[PDB]
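quick one: initial chain(s) of a complex, as found there:
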Amino acid sequence: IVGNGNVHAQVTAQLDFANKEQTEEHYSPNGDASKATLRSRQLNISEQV
Amino acid sequence: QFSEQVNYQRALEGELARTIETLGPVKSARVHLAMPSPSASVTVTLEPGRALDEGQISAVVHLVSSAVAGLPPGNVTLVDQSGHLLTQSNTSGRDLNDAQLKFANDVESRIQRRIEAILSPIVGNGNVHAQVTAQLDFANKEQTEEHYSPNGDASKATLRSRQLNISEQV
Amino acid sequence: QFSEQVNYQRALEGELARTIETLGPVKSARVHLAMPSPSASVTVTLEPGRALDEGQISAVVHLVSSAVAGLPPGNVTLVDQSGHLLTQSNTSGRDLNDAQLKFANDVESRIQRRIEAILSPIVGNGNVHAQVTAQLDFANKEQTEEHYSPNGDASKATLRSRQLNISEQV
Amino acid sequence: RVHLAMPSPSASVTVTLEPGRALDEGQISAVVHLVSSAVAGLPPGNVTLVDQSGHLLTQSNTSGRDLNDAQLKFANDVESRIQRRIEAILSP
């Protein structure tokens, strides 16, 4: 666009070199009863009048 | 026993020196081994008026390294006829990480060539230039999902056992 | 016994070098073998005015690798008559995740040729160009589903045992 | 009609068959060795031969991961079989 020798550019590259690990461990919320997954359930309902 | 290994190493050193000599712009060779962590040292005198490139030294380096059992390229050193330690493998710092630039350059060159090859027929042979910058993910990345279908609904539950006691006194 | 092994190994190296010498554009070769971490190196001096491609070097590395037991092709190196490491796997940082690029090139080239071959009869021999960019999934991926048919319905459930006690006092 | 591009060289030959003929397996080696030799420094593996309708006569191979491209060859074979069937049922 501007010509063979009409432009000069200089670049600085800030680089990271730190060895960096990470171990995420995510769990879905099961608070809502319509999306919970039950393995067992013991439900006792006693009532005396 | 000992002198046998001595003779064998000393003969194979001259052998690899002779092979390295027959490599074009090289005048003389001298290979040396370290055999009990293995290591090797080669003193190559290139022919006056030439100089191997950075990816050209790796040729002789892994030639003498893989000619020897248990020797990684990194323990192989090479010295020119006037200083010039052309093998920086002693550090072995960015050797893996300088190939990332080559791979990224290959990717962006392929995309640039595709853009020019698709756009030149319309606008002309030399009426278009494209430059492509490709950011790449080099991070090793694992993942182990584990999803369970909800069984809150009684119409989609799957039962194995069920003890349902019902009492009623009036 | 140690002399037996060295002379046998040297004879194998010379024999293999002579065999890969009779390979057309190969004036002289030199096999070097190391069985302690198996390894092998070849110094090919091609006949002037030629160059073997990467798949053409795969041929020779598989030829000299399989000729001795336990040696993978990855420990076999080739060096040309002027440096020019012909095997990519030497400085094995990754050196194979760059094969994904040329595999993608093959895929895009086939799709491009298919579009060109189908569209040429209609619009003309050279009146159409197509460029294909293919995103490829190169990630290892496993899955283990486990589906259970619901048996909440009594008319579809399957019973193995059933203990039913019914009491009634009036 | 052979086209060359020398800046890693490569070549593309598009042979125009005489009406009602096709090259045999041993005939493509002749042309590949002819086009490879007549130019200095061009290996025979860089030139791609293409018929008048697809049908790449000189295939490409892989060095590092040579398993995923064999899938490509199998797909090409299946496509060629189905294409030949369509052509041989529609030509009459």
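Sure, I can see it. Numbering: from 1, shown residues only, chains lettered A, B, ... in the order given.

Now chain A against chain D: closest residue?
Taking Cβ to the nearest Cβ, chain D has its nearest neighbour within chain A at residue A:4, 20.5 Å off. For the C-beta atoms, the positions are set from N, CA and C on the backbone; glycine is no exception.

Count the neighbours of that residue for me.
5 (other Cβ atoms under 10 Å in any protein chain shown).

and it, what element?
Assessed by DSSP states H and E, residue A:4 sits outside every helix and strand.

measure it to residue C:8 for me?
Distance, residue A:4 to residue C:8, using Cβ to Cβ, to the nearest Å: 64 Å.

for residue A:32, what are its contacts?
Counting by Cβ atoms under 8 Å, 6 or more residues apart in numbering or on different chains, residue A:32 touches no other residue.

List phi and psi for it.
phi -70, psi 130 (degrees, to the nearest 10).

now swap in the one 4 residues further on and tell me
Recorded main-chain torsions at residue A:36 are phi -80, psi 160, according to degrees, to the nearest 10.

Could you do residue A:12 as well?
Per-residue torsions, residue A:12: phi -110, psi 130 (degrees, to the nearest 10).

burial measure for it, as a count.
Neighbour count for residue A:12, taken as other Cβ under 10 Å: 5.

which ones are touching the residue of chain A found nearest chain B?
Chain B sits closest to residue A:37 of chain A, with a gap of 4.2 Å, by Cβ to the nearest Cβ. For residue A:37, the contact set (Cβ under 8 Å, 6+ apart) comprises A:30, B:148-152.

Between all of these, which two are separated the most?
A:30 and B:149 (12.6 Å; Cβ to Cβ).

What helix or strand is residue A:17 located in?
Per DSSP H and E, there is no helix or strand for residue A:17.

Counting neighbours, what do you get for it?
Residue A:17 has 8 neighbours, counted by other Cβ under 10 Å.

likewise residue A:41?
Applying other Cβ under 10 Å, I find that residue A:41 has 6 neighbouring residues.

swap in residue A:33?
Residue A:33, neighbours per other Cβ under 10 Å, totals 10.

do residue A:38 as well
By other Cβ under 10 Å, the residues close to residue A:38 number 12.

with the structure above as the base, add chain E:
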Amino acid sequence: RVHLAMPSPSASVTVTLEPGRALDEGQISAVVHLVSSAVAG
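Placed with the earlier chains, chain E looks like this:
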């Protein structure tokens, strides 16, 4: 030119075909299975 690897075994054959001929894909398998079954394992 046949070569063996006998200590997993392997074989390497350097066949030079006569000028003006080329074996087919199922024809290389001939020599392949010959040298493979000429050796145990």
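
The neighbour count of residue A:33 again, this time with chain E added?
By other Cβ under 10 Å, the residues close to residue A:33 number 10.

residues touching it, list them.
Counted by Cβ under 8 Å, 6+ apart, residue A:33 has contacts residue B:152.

how near is it to chain E?
58 Å (Cβ to the nearest Cβ, to the nearest Å).

ditto for residue A:13
If you measure residue A:13 against chain E using Cβ to the nearest Cβ, the figure is 48 Å.

Could you count how many residues lie near that residue?
Using other Cβ under 10 Å, residue A:13 has 4 neighbouring residues.

How about residue A:31?
Residue A:31: 6 neighbours (other Cβ under 10 Å).

now swap in residue A:36 and tell me
Residue A:36, neighbours per other Cβ under 10 Å, totals 14.

Can you tell me the closest non-neighbouring residue to it?
Using Cβ to Cβ, 6 or more residues apart in numbering or on different chains and skipping residues adjacent in sequence, the residue nearest residue A:36 is residue A:30, 4.4 Å away.

Hmm, residue A:39 and the one you found touching each other?
No: using Cβ atoms under 8 Å, residue A:30 makes no contact with residue A:39, being 11.6 Å away.

And those two? Which one has more around it.
For residue A:30 versus residue A:39, neighbours defined as other Cβ under 10 Å are more numerous around residue A:30 (13 against 7).

who touches residue A:38 in this structure?
With Cβ under 8 Å, 6+ apart, residue A:38 has these contacts: B:151-152.

Relative to chain E, how far out is it?
From residue A:38 to chain E the distance is 52 Å (Cβ to the nearest Cβ).

cool, residue A:49 as well?
Distance of residue A:49 to chain E, given as Cβ to the nearest Cβ: 81 Å.

And for residue A:35?
53 Å.

Please name the nearest non-neighbouring residue to that residue.
residue B:150 (4.8 Å).

and residue A:43, how many residues sit next to it?
Residue A:43 has 5 neighbouring residues, counting by other Cβ under 10 Å.

I meant to write residue A:2 there.
Residue A:2: 6 neighbours (other Cβ under 10 Å).

Over to residue A:6?
7.

And the one 3 residues further on, by the same measure?
A total of 4 residues lie near residue A:9 under the criterion other Cβ under 10 Å.

Chain F next, sequence below:
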Amino acid sequence: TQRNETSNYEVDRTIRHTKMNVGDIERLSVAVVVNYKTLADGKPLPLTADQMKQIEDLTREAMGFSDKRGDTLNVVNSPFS
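With chain F now in place:
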């Protein structure tokens, strides 16, 4: 009244284990320049808007442009030297 109930369930389970590839294209930024001409002998004059729009689309398709990756594309028309 009383109502006791113990229930043991069998649950659908999916274990998807991925090992992501090393070297994927996270983001692309492409800049393209097109030369003026538009005339056989007269003064060069900017290519029409519809044409530049179609070069933009063609280079968008050749790039593999995807808003998910946040790719950026910029094509400009200016005379060369």
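
In light of the added chain F, please revisit the neighbour count of residue A:43.
Neighbours of residue A:43 (other Cβ under 10 Å): 10.

before we move on, what about residue F:42?
Residues near residue F:42, counting by other Cβ under 10 Å: 8.

Show me where chain F has its helices.
Assigned by DSSP state H, chain F shows helices spanning F:49-63.

Do a quick rundown of the strands in chain F.
Assigned by DSSP state E, chain F shows strands spanning F:2-9, F:13-20, F:24-34, F:72-77.

hey, which of the ones you listed is tucked in deepest?
Ranked by mean neighbour count under mean count of other Cβ atoms under 10 Å in any protein chain shown, those are led by strand F:24-34, which reaches a mean of 19.

For stretch F:28-44, give me every contacting residue.
Against stretch F:28-44 from outside (Cβ under 8 Å, 6+ apart): A:1, B:111, B:115, B:119, B:123-124, B:126-135, F:45-47, F:52, F:55, F:59, F:63-65, F:69, F:71-80.

now do stretch F:48-59
B:115, B:118-119, B:122-123, B:130, F:30, F:32, F:34, F:47, F:73, F:75, F:77.

Identify the farthest-apart pair in those residues.
F:30 and F:47 (18.3 Å).

Just give me the neighbour total for residue F:62.
Counted with other Cβ under 10 Å, residue F:62 comes out at 20.

just to revisit the earlier point, now the contacts of stretch F:48-59 in CSV, with distance to residue F:14?
Below are the contacts of stretch F:48-59 laid out as CSV (distance: Cβ to Cβ, whole Å):
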residue, distance to residue F:14
B:115, 41
B:118, 41
B:119, 45
B:122, 49
B:123, 51
B:130, 43
F:30, 38
F:32, 44
F:34, 50
F:47, 53
F:73, 38
F:75, 44
F:77, 52
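
now, which of these sits nearest chain C?
When these are compared against chain C (criterion: Cβ to the nearest Cβ), the nearest one is residue B:118, at 4.1 Å.

Distance of that closest one relative to chain F?
In terms of Cβ to the nearest Cβ, residue B:118 sits 5 Å off from chain F.

Need the strands of chain F in JSON lines (columns: distance to residue F:41).
Output for the strands of chain F, formatted as JSON lines (distance: least, Cβ to Cβ, whole Å):
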{"stretch": "strand F:2-9", "distance to residue F:41": "84"}
{"stretch": "strand F:13-20", "distance to residue F:41": "57"}
{"stretch": "strand F:24-34", "distance to residue F:41": "20"}
{"stretch": "strand F:72-77", "distance to residue F:41": "20"}
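
Fine by me, thanks again.
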